[PDB]
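Heads up, the chain below is alone and in the form deposited in one PDB entry; it's given as structure tokens.
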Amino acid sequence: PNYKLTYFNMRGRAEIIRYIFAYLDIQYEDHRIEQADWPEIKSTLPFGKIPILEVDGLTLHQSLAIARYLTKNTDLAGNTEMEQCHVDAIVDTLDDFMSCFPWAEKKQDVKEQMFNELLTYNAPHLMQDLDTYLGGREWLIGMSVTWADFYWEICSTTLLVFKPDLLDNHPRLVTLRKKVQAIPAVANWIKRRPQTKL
């Protein structure tokens, strides 16, 4: 079908969807809006948030709901219902953390303090839990790559911008990142995608 992804000109929450389209070799319109155009767009969306994915004109929302929709019946989903649950759980654990950052905090005072606290205190704890969860395994779930591995690489890439030494004590997590980045379709997207901070 005809796919149209709408988001800001950032990797952000739309990147997981972009990785899936690239991996599955699916053509889509990568619509990146300008902040000045958001207000009008927002008023037309059922829940006023992006990303959204239009499939033949029908609008879908929530980045992870869309990602799950696109990976169902593909080799990125998980090989059993239980493994699919593990994929979803890891994705939500990562998303829970990313969602904790108060980008909308009214007071720039508290906002700055919270970011530093999450990066210096919480981040290291999560990295340790993920490292232990992965153990000596090749991928986070099963014996093959899943979109949970994609989300790990995506989330860690942005966190590394704020805290470069995040994975100094976890080489196995770095290796996993490199494995995802080395996947042909993914590597090709990473090299051609717009270069943005977030």
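If you superpose the two forms and keep the largest set of C-alpha atoms that fall within 1.5 Å, you have the rigid core. Numbers follow the displayed sequence, beginning with 1.
For the pair 142-150 and 126-134, the mean B factor over Cα atoms is greater in 126-134. Set 167-175 against 36-44 and average the Cα temperature factors; 36-44 ends up higher. Residue set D88, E81, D75, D96: peak C-alpha B-factor at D75 (per PDB entry). The deposited CA B-factor of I26 belongs to the highest third of values across its chain.
When the modelled residues of the chain are ordered by C-alpha B-factor, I190 sits in the highest third.
Just so it is clear, the following notes concern the form deposited in another entry, a form of the same protein that is not shown.
Looking at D75, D92, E105, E117 after a core superposition between this form and the one not shown, you find that only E105 has a C-alpha shift of 2 Å or more.
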